[PDB]
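**Q** piece number one of the complex, untouched:
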Amino acid sequence: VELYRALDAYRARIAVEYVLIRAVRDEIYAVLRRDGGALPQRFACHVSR
């Protein structure tokens, strides 16, 4: 049981960057749902219709 808990703590250790990545991914999808897919321009680039 001690090795099991130590393995779980290790799992929580290495997961720290991936949970942040998923936080950003879910944030992108949540903002995209909230806005309705309307993206405003925030970076300069001449665009064509």
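**A** Arrived safely, thanks for sending. Numbers count the residues shown, from 1 in each chain, chains lettered A, B, ... in the order given.

**Q** now the helices for chain A?
**A** Remark: helices assigned in chain A by DSSP state H are A:2-14, A:16-35.

**Q** now render the ones you listed as CSV, adding distance to residue A:43 and mean neighbour count.
**A** C-beta: built from backbone N, CA, C; applies to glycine. Below are the helices of chain A laid out as CSV (distance: least, C-beta to C-beta, whole Å; neighbours: other C-beta atoms under 10 Å):
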stretch, distance to residue A:43, mean neighbour count
helix A:2-14, 34, 9
helix A:16-35, 16, 10
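
**Q** quick one: which of those helices is nearest residue A:47?
**A** Between residue A:47 and these, the shortest gap by C-beta to C-beta is with helix A:16-35, which sits at 18.4 Å.

**Q** and chain B on top of that:
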Amino acid sequence: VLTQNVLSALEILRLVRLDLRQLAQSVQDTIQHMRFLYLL
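**A** Let me add chain B to what's already shown:
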């Protein structure tokens, strides 16, 4: 000239049976160890 030898070997074969029981317990213990830990 033989029965004494076969019983004097049985005197160690009892320990052999003990070691068989010990090894079987070890094998079951290892299987339980692996099954508990490594199968998420």
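
**Q** residue A:47 and chain B, how far apart?
**A** 49 Å (C-beta to the nearest C-beta, to the nearest Å).

**Q** what parts of chain A come near chain B?
**A** Within chain A, the residues that sit near chain B (C-beta under 8 Å from any C-beta of the partner chain) are A:3, A:4, A:7.

**Q** which one of those is nearest residue B:23?
**A** Nearest to residue B:23, judged by C-beta to C-beta, of these is residue A:3 at 23.0 Å.

**Q** how about that closest one: what's its closest non-neighbour residue?
**A** Excluding the flanking residues, the one nearest residue A:3 by C-beta to C-beta, 6 or more residues apart in numbering or on different chains is residue B:37, at 6.2 Å.
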